[PDB]
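**Q** Structure for this input, please:
(one chain, ligands or ions: 1)
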Amino acid sequence: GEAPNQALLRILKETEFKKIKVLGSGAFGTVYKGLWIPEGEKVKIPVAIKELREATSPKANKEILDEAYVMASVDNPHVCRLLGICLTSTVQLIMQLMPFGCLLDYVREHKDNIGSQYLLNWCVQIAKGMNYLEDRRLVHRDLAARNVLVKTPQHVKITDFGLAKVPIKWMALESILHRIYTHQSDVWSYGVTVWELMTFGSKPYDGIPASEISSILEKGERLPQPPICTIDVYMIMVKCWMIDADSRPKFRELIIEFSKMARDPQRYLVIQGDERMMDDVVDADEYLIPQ
Ligand SMILES: */C=C/C(=O)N1CCC[C@@H](n2nc(-c3cn(C)c4ccccc34)c3c(N)ncnc32)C1
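**A** Numbers count the residues shown, from 1 in each chain. Structure data below:
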């Protein structure tokens, strides 16, 4: 059947890392920016640390550990992996710090300076991350611009395997109707995610109640063509929102298409002004040292 999962789960003693600031608090919990110093090594690694807000329930610890399980089992340049856990009364997850936050906020905040080259590269990178998950027989279930993190403006990675094996406006039709989720189901979400980026962060089907969404899609309605998108790009989004799940593109195909478009980006996205667009600190991606 499946091959054994020999990923290592690293345990971090609370004294090897320090919380420095809060980055955000929500339903998810509290996320801090911090610094990790592996014991006896002259390295400081920028990290983010996640604590579950204001509780110590047995159900809450179960889901945190499920998340850690999935994050420990991946290794790809466009996916977020776990650095370790800290076994504190409140169990903490430690991962690499992604300084620019999520891609959704980044596109919103930084829109007047985002060119076609960045947009299409993000699309490739996400498709690469997703393709890697598919290789791992892993269905995401919550792909969205809010779940892509930004290491640098040139380098993004997929995250939030909380649901990874509701966010209704990102879901394939078959998922809404029948709670079915597949890799092809993730493509639909990929399509919505691309639309988000191309609209610089608009909310899809804005001011429409989620109950209505199933009905709209059944008729044949889809998200509108964004103003910067040539028909070439929008057609790709539309193919991801095809009713027959097998008619949708494969992640591997999307890597290819978007990648071709990234070679001549101004031919596929039309954006006004597009032309005019600590001594021992080591990034987690360069720190491959065991135990
Ligand atoms: C758009 C997402 C957003 O608004 N966030 C709120 C601000 C903090 C953001 N954030 N989350 C993580 C993150 C995600 N996951 C799965 C983990 C797991 C362990 C520790 C952090 C963390 C962030 C990271 N790594 N860096 C910077 N911001 C992060 C989410």
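**Q** going forward, measure contacts between C-alpha atoms and count neighbours the same way
**A** Will do.
**Q** what about the residue lying closest to residue 99 once chain neighbours are set aside, how many neighbours?
**A** If the residues on either side of it in the chain are set aside, residue 99 comes closest to residue 151, at 5.8 Å by Cα to Cα, 6 or more residues apart in numbering. By the criterion of other Cα atoms under 10 Å, residue 151 has 18 neighbours.
**Q** and the gap between residue 151 and residue 172?
**A** Counting by Cα to Cα, to the nearest Å, the gap between residue 151 and residue 172 amounts to 28 Å.
**Q** what does residue 130 give?
**A** Distance from residue 130 to residue 172, by Cα to Cα: 16 Å.
**Q** If residue 229 is in a bridge, with which residues?
**A** Applying DSSP bridges to residue 229 gives these bridge partners: residue 269.
**Q** Need phi/psi at the residue nearest to residue 99.
**A** Backbone torsions for residue 151, taken as degrees, to the nearest 10, come to phi -70, psi -50.
**Q** That one touches residue 98, doesn't it?
**A** Yes - using Cα atoms under 8 Å, residue 151 makes contact with residue 98 at a distance of 4.4 Å.
**Q** how near is residue 43 to residue 280?
**A** 5 Å.
**Q** Pick out whichever of those two has more residues nearby.
**A** Ranked by neighbour count (other Cα under 10 Å), residue 43 and residue 280 place residue 43 first, with 18 against 11.
**Q** Give me the nearest residue to the residue of the stretch 101-250 of the chain found nearest the ligand, chain neighbours excluded.
**A** Nearest residue of the stretch 101-250 of the chain to the ligand, counting by Cα to the nearest ligand atom: residue 102, 3.8 Å away. In space, and not counting its chain neighbours, residue 102 is closest to residue 149: 4.3 Å by Cα to Cα, 6+ apart.
**Q** Is that neighbour located within a strand, as I assumed?
**A** Yes - according to DSSP: H, G, I helix; E, B strand; the rest coil, residue 149 belongs to a strand.
**Q** Give me the next element, helix or strand, following the helix or strand encompassing residue 83.
**A** Element membership for residue 83, per DSSP states H and E: strand 82-86. Helices and strands here follow DSSP H and E; after strand 82-86, the next one along the chain is strand 92-96.
**Q** Show me what the helix or strand containing residue 119 packs onto, helices and strands only.
**A** Counting by DSSP H and E, the element that carries residue 119 is helix 116-135. Counting contacts by 3 or more Cα pairs under 8 Å, 6 or more residues apart in numbering; DSSP states H and E, helix 116-135 packs against strand 155-158, helix 183-198, helix 251-262.
**Q** Quick check on residue 238: phi, psi?
**A** The phi/psi pair for residue 238 (degrees, to the nearest 10) is phi -60, psi -40.
**Q** What is the neighbour count of it?
**A** Counted with other Cα under 10 Å, residue 238 comes out at 17.
**Q** Next: residue 279.
**A** Using other Cα under 10 Å, the number of residues around residue 279 comes to 7.
**Q** cool, residue 221 as well?
**A** Counted with other Cα under 10 Å, residue 221 comes out at 11.
**Q** Now it, what are its backbone angles?
**A** Torsion angles, degrees, to the nearest 10, at residue 221: phi -70, psi 150.
**Q** how close does it sit to residue 190?
**A** Taking Cα to Cα, one finds residue 221 at 17 Å from residue 190.
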